[PDB]
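Trainee: Sending over run-v8.cif (mmCIF, C-alpha atoms).
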```cif
data_target
loop_
_atom_site.label_atom_id
_atom_site.label_comp_id
_atom_site.auth_asym_id
_atom_site.auth_seq_id
_atom_site.Cartn_x
_atom_site.Cartn_y
_atom_site.Cartn_z
CA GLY A 1 129.68 75.32 141.45
CA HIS A 2 130.30 73.20 144.55
CA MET A 3 127.80 72.50 147.38
CA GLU A 4 127.68 75.89 149.15
CA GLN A 5 127.71 78.03 146.02
CA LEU A 6 125.06 75.81 144.41
CA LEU A 7 122.91 76.10 147.56
CA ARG A 8 123.29 79.87 147.37
CA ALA A 9 122.18 79.90 143.73
CA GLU A 10 119.03 77.83 144.26
CA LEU A 11 117.93 79.27 147.64
CA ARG A 12 118.50 82.91 146.61
CA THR A 13 120.51 83.82 149.75
CA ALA A 14 123.95 85.36 150.21
CA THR A 15 124.20 84.22 153.85
CA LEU A 16 124.08 80.42 154.17
CA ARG A 17 125.95 80.54 157.50
CA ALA A 18 125.88 77.16 159.22
CA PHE A 19 125.05 76.01 162.75
CA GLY A 20 124.19 72.80 164.66
CA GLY A 21 125.93 69.39 164.55
CA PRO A 22 125.40 65.94 162.90
CA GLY A 23 121.69 65.88 161.88
CA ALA A 24 120.88 68.59 164.50
CA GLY A 25 120.74 65.83 167.16
CA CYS A 26 117.97 63.73 165.60
CA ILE A 27 118.37 63.23 161.80
CA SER A 28 121.02 60.61 160.83
CA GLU A 29 122.74 62.92 158.32
CA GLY A 30 122.48 66.62 157.66
CA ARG A 31 123.58 70.12 158.58
CA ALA A 32 121.57 73.24 159.32
CA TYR A 33 122.25 76.54 157.51
CA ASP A 34 120.84 79.97 158.34
CA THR A 35 119.93 81.74 155.08
CA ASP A 36 118.28 85.08 154.20
CA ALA A 37 114.86 83.37 154.22
CA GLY A 38 115.19 81.67 157.58
CA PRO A 39 116.67 78.28 158.42
CA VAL A 40 117.13 75.12 156.32
CA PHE A 41 118.46 71.60 156.84
CA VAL A 42 120.58 70.00 154.10
CA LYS A 43 121.13 66.24 153.64
CA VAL A 44 124.06 65.14 151.44
CA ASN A 45 124.57 61.81 149.71
CA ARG A 46 127.25 61.09 147.12
CA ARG A 47 125.99 57.74 145.71
CA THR A 48 124.66 57.58 142.15
CA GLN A 49 121.08 56.81 143.17
CA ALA A 50 121.05 59.80 145.52
CA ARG A 51 118.67 61.99 143.55
CA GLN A 52 116.13 59.20 143.10
CA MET A 53 116.39 58.32 146.79
CA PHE A 54 115.82 61.98 147.58
CA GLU A 55 113.09 62.32 144.93
CA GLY A 56 111.34 59.42 146.67
CA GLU A 57 111.57 61.30 149.99
CA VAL A 58 110.08 64.48 148.55
CA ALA A 59 107.13 62.51 147.18
CA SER A 60 106.69 60.96 150.61
CA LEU A 61 107.02 64.35 152.35
CA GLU A 62 104.68 65.90 149.75
CA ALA A 63 101.98 63.29 150.33
CA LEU A 64 101.96 63.25 154.14
CA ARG A 65 102.07 67.07 154.32
CA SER A 66 99.01 67.26 152.00
CA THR A 67 96.82 65.41 154.45
CA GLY A 68 97.14 68.06 157.18
CA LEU A 69 97.27 65.35 159.81
CA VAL A 70 100.98 65.07 160.61
CA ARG A 71 103.80 67.61 160.67
CA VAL A 72 106.75 66.61 158.42
CA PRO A 73 109.60 68.83 157.21
CA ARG A 74 108.71 70.72 154.03
CA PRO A 75 110.82 69.70 151.01
CA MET A 76 112.51 72.63 149.30
CA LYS A 77 115.15 71.76 146.63
CA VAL A 78 117.24 68.81 145.34
CA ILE A 79 120.60 69.90 143.90
CA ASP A 80 122.84 67.64 141.82
CA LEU A 81 126.53 67.76 143.18
CA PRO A 82 129.58 67.81 140.84
CA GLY A 83 131.41 65.12 142.88
CA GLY A 84 128.54 62.74 142.41
CA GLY A 85 125.12 62.52 144.00
CA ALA A 86 122.68 65.12 145.23
CA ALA A 87 121.89 67.42 148.16
CA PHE A 88 118.38 67.71 149.56
CA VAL A 89 117.35 71.12 151.08
CA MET A 90 114.41 71.17 153.45
CA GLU A 91 112.69 73.32 156.04
CA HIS A 92 114.57 73.32 159.33
CA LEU A 93 112.73 72.48 162.55
CA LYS A 94 114.23 72.47 166.03
CA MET A 95 113.58 69.03 167.46
CA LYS A 96 113.47 67.36 170.88
CA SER A 97 113.08 63.61 171.37
CA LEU A 98 109.48 62.31 171.45
CA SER A 99 108.18 62.32 175.03
CA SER A 100 105.21 64.54 175.87
CA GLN A 101 103.76 64.52 172.32
CA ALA A 102 103.73 60.71 172.07
CA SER A 103 99.98 60.71 172.89
CA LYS A 104 99.25 63.26 170.15
CA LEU A 105 101.29 61.33 167.59
CA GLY A 106 99.59 57.96 168.05
CA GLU A 107 96.36 59.60 166.98
CA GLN A 108 98.05 61.58 164.24
CA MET A 109 99.31 58.31 162.84
CA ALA A 110 95.90 56.73 163.39
CA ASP A 111 94.17 59.54 161.51
CA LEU A 112 96.78 59.30 158.74
CA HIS A 113 95.96 55.63 158.10
CA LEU A 114 92.22 56.44 158.19
CA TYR A 115 92.50 59.57 156.01
CA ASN A 116 92.22 57.72 152.69
CA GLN A 117 89.26 55.83 154.14
CA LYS A 118 87.40 58.99 155.10
CA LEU A 119 88.05 60.00 151.46
CA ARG A 120 86.37 56.88 150.02
CA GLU A 121 83.35 57.52 152.24
CA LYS A 122 83.13 61.10 150.96
CA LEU A 123 83.10 59.75 147.36
CA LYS A 124 80.24 57.37 148.32
CA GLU A 125 78.01 60.30 149.39
CA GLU A 126 79.35 62.20 146.33
CA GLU A 127 78.38 59.34 143.95
CA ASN A 128 74.82 58.95 145.35
CA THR A 129 74.45 62.79 145.34
CA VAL A 130 71.80 63.49 142.64
CA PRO A 131 90.53 64.73 147.53
CA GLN A 132 90.90 61.39 145.67
CA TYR A 133 90.55 57.84 147.10
CA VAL A 134 93.34 55.38 146.19
CA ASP A 135 91.73 51.97 145.54
CA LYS A 136 95.08 50.22 144.97
CA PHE A 137 98.22 49.43 147.01
CA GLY A 138 101.55 50.96 145.96
CA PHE A 139 102.72 54.45 145.11
CA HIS A 140 102.89 56.70 142.06
CA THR A 141 106.71 56.69 142.23
CA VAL A 142 109.75 54.86 143.53
CA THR A 143 110.27 55.54 147.21
CA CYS A 144 113.28 53.88 148.81
CA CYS A 145 113.64 52.11 152.14
CA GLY A 146 117.38 52.77 152.35
CA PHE A 147 119.46 52.69 149.16
CA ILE A 148 117.37 49.89 147.58
CA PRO A 149 115.34 51.42 144.71
CA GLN A 150 111.98 49.78 145.58
CA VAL A 151 108.98 49.02 143.33
CA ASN A 152 105.64 50.53 144.30
CA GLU A 153 103.69 49.34 141.27
CA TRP A 154 99.96 49.45 141.99
CA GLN A 155 98.58 46.04 142.89
CA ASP A 156 94.99 45.48 143.93
CA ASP A 157 95.52 42.89 146.72
CA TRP A 158 97.74 43.63 149.71
CA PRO A 159 99.14 40.11 150.33
CA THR A 160 99.99 40.08 146.66
CA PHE A 161 101.65 43.51 146.68
CA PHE A 162 103.63 42.83 149.85
CA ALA A 163 104.86 39.36 148.95
CA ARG A 164 106.12 40.20 145.46
CA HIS A 165 107.21 43.87 145.79
CA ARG A 166 108.47 43.80 149.40
CA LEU A 167 109.56 40.35 150.59
CA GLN A 168 110.63 38.93 147.23
CA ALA A 169 112.40 42.22 146.54
CA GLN A 170 114.78 41.51 149.45
CA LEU A 171 115.15 37.74 149.26
CA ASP A 172 116.23 38.22 145.64
CA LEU A 173 119.20 40.39 146.57
CA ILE A 174 119.84 38.06 149.48
CA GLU A 175 120.03 35.22 146.97
CA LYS A 176 122.41 37.17 144.71
CA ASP A 177 124.74 38.52 147.42
CA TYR A 178 124.65 35.71 150.02
CA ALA A 179 123.38 32.64 148.10
CA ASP A 180 121.71 31.57 151.35
CA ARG A 181 120.21 28.08 151.14
CA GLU A 182 118.05 28.22 154.27
CA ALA A 183 116.57 31.49 152.92
CA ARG A 184 115.29 30.25 149.54
CA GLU A 185 113.95 26.98 151.03
CA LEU A 186 112.12 28.80 153.78
CA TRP A 187 110.77 31.41 151.39
CA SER A 188 109.31 28.83 149.04
CA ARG A 189 107.45 27.29 151.98
CA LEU A 190 106.33 30.66 153.42
CA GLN A 191 105.06 32.24 150.18
CA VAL A 192 102.14 29.80 150.04
CA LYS A 193 101.07 30.39 153.68
CA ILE A 194 100.88 34.21 153.40
CA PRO A 195 97.27 34.32 152.07
CA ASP A 196 96.11 32.44 155.20
CA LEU A 197 97.22 35.30 157.52
CA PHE A 198 94.77 37.92 156.12
CA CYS A 199 91.52 35.85 156.21
CA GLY A 200 88.54 37.40 158.05
CA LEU A 201 89.84 40.92 157.38
CA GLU A 202 88.96 43.84 155.05
CA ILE A 203 91.95 46.09 154.15
CA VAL A 204 91.43 49.71 153.00
CA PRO A 205 94.70 51.12 151.54
CA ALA A 206 96.33 53.32 154.22
CA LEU A 207 98.96 55.97 153.50
CA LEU A 208 102.07 55.02 155.49
CA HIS A 209 105.20 56.85 156.56
CA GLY A 210 107.08 53.66 155.60
CA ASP A 211 109.98 53.77 158.09
CA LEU A 212 108.53 54.89 161.41
CA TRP A 213 111.06 53.87 164.05
CA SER A 214 111.88 55.84 167.16
CA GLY A 215 114.72 57.63 165.36
CA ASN A 216 112.53 59.12 162.62
CA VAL A 217 110.09 60.76 165.03
CA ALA A 218 110.51 63.83 167.25
CA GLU A 219 108.56 66.60 168.92
CA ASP A 220 108.33 70.38 169.00
CA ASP A 221 106.89 73.17 171.08
CA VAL A 222 103.83 72.79 168.77
CA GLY A 223 103.57 68.95 168.67
CA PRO A 224 104.94 65.71 167.15
CA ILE A 225 107.10 65.74 163.99
CA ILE A 226 107.81 62.76 161.78
CA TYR A 227 110.52 62.71 159.12
CA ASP A 228 112.44 60.40 156.74
CA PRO A 229 109.40 58.84 155.02
CA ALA A 230 109.56 55.84 152.68
CA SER A 231 105.92 56.23 151.78
CA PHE A 232 103.37 54.11 149.96
CA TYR A 233 99.76 52.87 150.37
CA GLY A 234 99.59 49.68 152.45
CA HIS A 235 98.29 47.98 155.60
CA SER A 236 98.31 50.17 158.70
CA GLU A 237 99.71 47.33 160.85
CA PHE A 238 102.90 47.38 158.72
CA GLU A 239 103.68 50.89 160.00
CA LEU A 240 103.93 49.55 163.58
CA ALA A 241 106.23 46.62 162.74
CA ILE A 242 109.36 48.72 162.42
CA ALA A 243 108.15 50.94 165.31
CA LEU A 244 108.07 47.98 167.72
CA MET A 245 111.37 46.44 166.49
CA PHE A 246 113.70 49.14 167.90
CA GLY A 247 111.36 50.14 170.71
CA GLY A 248 112.02 53.72 171.73
CA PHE A 249 108.28 54.42 171.69
CA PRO A 250 106.34 55.18 174.86
CA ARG A 251 103.21 53.23 175.67
CA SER A 252 101.53 56.61 175.30
CA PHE A 253 101.98 56.17 171.54
CA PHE A 254 100.16 52.85 171.16
CA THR A 255 97.54 53.65 173.78
CA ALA A 256 96.43 56.49 171.50
CA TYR A 257 96.90 54.64 168.22
CA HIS A 258 94.88 51.56 169.19
CA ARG A 259 92.02 53.65 170.56
CA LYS A 260 91.35 54.56 166.91
CA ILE A 261 92.69 51.47 165.10
CA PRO A 262 92.45 48.63 167.67
CA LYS A 263 94.42 45.47 167.15
CA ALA A 264 92.45 43.31 164.72
CA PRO A 265 92.22 39.50 164.89
CA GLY A 266 95.45 38.11 163.50
CA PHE A 267 97.47 41.17 164.55
CA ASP A 268 100.27 39.24 166.27
CA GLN A 269 100.98 36.85 163.35
CA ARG A 270 100.95 39.57 160.67
CA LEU A 271 103.27 41.51 162.95
CA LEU A 272 105.81 38.76 162.20
CA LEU A 273 105.20 38.98 158.44
CA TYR A 274 105.97 42.71 158.62
CA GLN A 275 108.97 42.54 160.94
CA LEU A 276 110.13 39.90 158.46
CA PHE A 277 110.43 42.56 155.74
CA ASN A 278 112.45 44.79 158.02
CA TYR A 279 114.81 41.97 159.03
CA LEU A 280 115.47 41.04 155.43
CA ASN A 281 115.94 44.70 154.45
CA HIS A 282 118.45 45.06 157.30
CA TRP A 283 120.27 41.93 156.28
CA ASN A 284 120.73 43.54 152.87
CA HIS A 285 121.88 46.85 154.35
CA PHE A 286 123.95 45.79 157.38
CA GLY A 287 125.24 42.22 156.97
CA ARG A 288 124.71 38.57 157.89
CA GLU A 289 124.17 39.89 161.38
CA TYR A 290 120.40 39.93 160.60
CA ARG A 291 120.39 36.36 159.29
CA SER A 292 119.56 34.85 162.68
CA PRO A 293 116.36 37.02 163.03
CA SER A 294 115.27 36.77 159.41
CA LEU A 295 115.33 32.97 159.28
CA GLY A 296 114.14 32.49 162.88
CA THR A 297 111.08 34.50 161.76
CA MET A 298 110.11 32.44 158.71
CA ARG A 299 110.77 29.40 160.87
CA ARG A 300 108.38 30.90 163.42
CA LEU A 301 105.56 31.62 160.94
CA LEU A 302 105.52 28.05 159.59
#
```
Starting from the coordinates I provided, produce the structure as structure tokens.
Mentor:
Amino acid sequence: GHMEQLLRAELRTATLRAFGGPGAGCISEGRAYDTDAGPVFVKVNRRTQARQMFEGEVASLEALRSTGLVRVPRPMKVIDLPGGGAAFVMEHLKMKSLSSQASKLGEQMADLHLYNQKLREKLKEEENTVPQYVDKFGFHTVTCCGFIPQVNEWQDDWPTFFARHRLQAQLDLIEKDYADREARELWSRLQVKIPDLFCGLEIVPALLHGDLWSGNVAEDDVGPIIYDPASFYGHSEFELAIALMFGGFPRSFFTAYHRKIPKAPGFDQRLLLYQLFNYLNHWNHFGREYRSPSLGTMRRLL
């Protein structure tokens, strides 16, 4: 069976009539189909690592949806395609661009980073008493930021996790593909200074969307919607690094967010360490074009 007949088999509808345009106006890829059981959105990708990439997104969607705090599209099915790759069926929402609900979202995001912390505090009262806190950084599965199968192996210390499984992840493929001299030299000097940027700070693992830029965030008649997660447990300030970079966010959004999680001492230097990951990752996805920002950033830190 091809794409439409396979979608009909797994969704149990005879209709699957389509509507909408490229990503319904917001999502980068995708088409919307009206089926017997209401509407769905289908994302297609014909690379080999498509299923895994999509299986990472369902874990991400599964984990944010289970906190009740933010509205994400409900995963539905992941169908392997005969011509290579996979299709990912999901609940279809109608989406406007984030304007009025930018106040509501900043506090939804703020709650989401504090959710796992409210869980630890419940377990404290539970222990002394005469739904599960995550004490480590990482994720139970491979979620992808793009088409790079990432590693979310649980590490206990955040600077450790981030340096080896985020930054080194990227500067390794940058060494293989580009053989960039200024990159390896700068990275060897930076890697030692990272521990000095998190002193005077206690970090409680926070569940992150993982790619929260202005183009992965919308709104509804009901409220704000986020989508396209690359989720893991990390440092809440990381979530904002990509959000700032391509700034389509209203000041509404950060006025709310920082009411609950205010900017801690050292915010503005760790901001650079996190935007550094995104610059590297974009170098690897989009070309040498991101070399000037990537290196100018490690230059800046030192």
Trainee: Nearest residue to residue 240 in chain A out of A:288, A:270, A:300, A:259, using only C-alpha atoms?
Mentor: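 Selected residue with least distance to residue 240 in chain A: A:270.
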Trainee: Assuming the chain letters and numbering stay as they are in my file, what does the PyMOL selection byres ((chain A and resi 14) around 12) actually select? List them as a list in words.
Mentor: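 On this input, the PyMOL selection byres ((chain A and resi 14) around 12) captures residues 4, 5, 6, 7, 8, 9, 10, 11, 12, 13, 15, 16, 17, 33, 34, 35, 36 and 37 of chain A.
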Trainee: The PyMOL selection byres ((chain A and resi 41-43) around 12) on the file shown: which residues, as an MDAnalysis selection string?
Mentor: chainID A and resid 3:4 7 11 16:24 26:35 38:40 44:46 50:51 53:54 57 73:79 81 85:95 228
Trainee: Skip range 179-196 of chain A itself and residues of its chain fewer than 5 positions away, then list as a PyMOL selection string all residues within 12 Å of it, counting only C-alpha atoms.
Mentor: chain A and resi 157-164+167-174+201+266+269-270+272-274+276-277+280+283+288+291-302
Trainee: Using C-alpha atoms, can you export the residues from the last selection as a PDB file, keeping the file's coordinate frame?
Mentor:
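To be explicit, this is the file written out as again.pdb:
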```
ATOM      1  CA  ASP A 157      95.520  42.890 146.720  1.00  0.00           C
ATOM      2  CA  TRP A 158      97.740  43.630 149.710  1.00  0.00           C
ATOM      3  CA  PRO A 159      99.140  40.110 150.330  1.00  0.00           C
ATOM      4  CA  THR A 160      99.990  40.080 146.660  1.00  0.00           C
ATOM      5  CA  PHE A 161     101.650  43.510 146.680  1.00  0.00           C
ATOM      6  CA  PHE A 162     103.630  42.830 149.850  1.00  0.00           C
ATOM      7  CA  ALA A 163     104.860  39.360 148.950  1.00  0.00           C
ATOM      8  CA  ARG A 164     106.120  40.200 145.460  1.00  0.00           C
ATOM      9  CA  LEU A 167     109.560  40.350 150.590  1.00  0.00           C
ATOM     10  CA  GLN A 168     110.630  38.930 147.230  1.00  0.00           C
ATOM     11  CA  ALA A 169     112.400  42.220 146.540  1.00  0.00           C
ATOM     12  CA  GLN A 170     114.780  41.510 149.450  1.00  0.00           C
ATOM     13  CA  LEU A 171     115.150  37.740 149.260  1.00  0.00           C
ATOM     14  CA  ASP A 172     116.230  38.220 145.640  1.00  0.00           C
ATOM     15  CA  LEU A 173     119.200  40.390 146.570  1.00  0.00           C
ATOM     16  CA  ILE A 174     119.840  38.060 149.480  1.00  0.00           C
ATOM     17  CA  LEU A 201      89.840  40.920 157.380  1.00  0.00           C
ATOM     18  CA  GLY A 266      95.450  38.110 163.500  1.00  0.00           C
ATOM     19  CA  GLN A 269     100.980  36.850 163.350  1.00  0.00           C
ATOM     20  CA  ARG A 270     100.950  39.570 160.670  1.00  0.00           C
ATOM     21  CA  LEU A 272     105.810  38.760 162.200  1.00  0.00           C
ATOM     22  CA  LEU A 273     105.200  38.980 158.440  1.00  0.00           C
ATOM     23  CA  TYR A 274     105.970  42.710 158.620  1.00  0.00           C
ATOM     24  CA  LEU A 276     110.130  39.900 158.460  1.00  0.00           C
ATOM     25  CA  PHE A 277     110.430  42.560 155.740  1.00  0.00           C
ATOM     26  CA  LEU A 280     115.470  41.040 155.430  1.00  0.00           C
ATOM     27  CA  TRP A 283     120.270  41.930 156.280  1.00  0.00           C
ATOM     28  CA  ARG A 288     124.710  38.570 157.890  1.00  0.00           C
ATOM     29  CA  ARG A 291     120.390  36.360 159.290  1.00  0.00           C
ATOM     30  CA  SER A 292     119.560  34.850 162.680  1.00  0.00           C
ATOM     31  CA  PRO A 293     116.360  37.020 163.030  1.00  0.00           C
ATOM     32  CA  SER A 294     115.270  36.770 159.410  1.00  0.00           C
ATOM     33  CA  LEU A 295     115.330  32.970 159.280  1.00  0.00           C
ATOM     34  CA  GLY A 296     114.140  32.490 162.880  1.00  0.00           C
ATOM     35  CA  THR A 297     111.080  34.500 161.760  1.00  0.00           C
ATOM     36  CA  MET A 298     110.110  32.440 158.710  1.00  0.00           C
ATOM     37  CA  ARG A 299     110.770  29.400 160.870  1.00  0.00           C
ATOM     38  CA  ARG A 300     108.380  30.900 163.420  1.00  0.00           C
ATOM     39  CA  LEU A 301     105.560  31.620 160.940  1.00  0.00           C
ATOM     40  CA  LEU A 302     105.520  28.050 159.590  1.00  0.00           C
TER      41      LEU A 302
END
```
Trainee: Pick out the closest residue to residue 147 in chain A from this set: A:230, A:58, A:112, A:134. Count only C-alpha atoms.
Mentor: A:230
Trainee: For CA of residue 224 in chain A and CA of residue 204 in chain A, quote the distance in Å rounded to one decimal.
Mentor: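 Between these atoms lies a distance of 25.3 Å.
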Trainee: Calculated over only C-alpha atoms, which of the candidates A:150, A:143, A:236, A:48 has the smallest distance to residue 166 in chain A?
Mentor: A:150
Trainee: Taking into account all atoms listed in the file, which residue in the set A:118, A:65, A:71, A:104 is nearest to residue 254 in chain A?
Mentor: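 Answer, going by the shortest atom-to-atom distance: A:104.
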Trainee: Quick one: pull the distance between CA of residue 218 in chain A and CA of residue 56 in chain A, Å, one decimal.
Mentor: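 Computing the Euclidean distance for CA of residue 218 in chain A and CA of residue 56 in chain A yields 21.1 Å.
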